[PDB]
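Letters A, B, ... are given to chains in the order of the sequence lines, protein chains preceding strands, and every chain is numbered from 1.
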There are 10 protein chains.
Amino acid sequence: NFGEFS
Amino acid sequence: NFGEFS
Amino acid sequence: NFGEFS
Amino acid sequence: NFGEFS
Amino acid sequence: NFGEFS
Amino acid sequence: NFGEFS
Amino acid sequence: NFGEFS
Amino acid sequence: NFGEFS
Amino acid sequence: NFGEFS
Amino acid sequence: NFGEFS
């Protein structure tokens with residue numbers, strides 16, 4: 001699981 | 001599961 | 001942007 | 001930006 | 001930036 | 001699990 | 001920047 | 001697990 | 001910059 | 001586990 005990336 | 005990405 | 005997840 | 005996850 | 005995760 | 005990256 | 005994780 | 005990177 | 005982790 | 005890098 002992870003929050004976010006760009 | 002993950003939050004978001006762009 | 002987001003609050004939370006599980 | 002995000003709050004939290006598990 | 002993010003708050004926390006586990 | 002990880003928070004974020006760019 | 002982030003607060004904490006485990 | 002890790003916090004963030006760029 | 002970040003606060004802490006374990 | 002690690003905090004961050006650039």
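- Every side-chain contact (heavy atoms from CB on, under 4.5 Å) that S6(H) has, sequence neighbours left out, goes to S6(F), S6(J).
- The side-chain contact (heavy atoms from CB on, under 4.5 Å) check on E4(C) picks up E4(D), with sequence neighbours excluded.
- The hydrophobic clustering, which links ILVMFWY residues whose side-chain heavy atoms are closer than 4.5 Å, places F2(B) and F2(H) together.
- Residues meeting the side-chain contact (heavy atoms from CB on, under 4.5 Å) test with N1(A), sequence neighbours left out: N1(B), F5(C), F5(D), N1(F).
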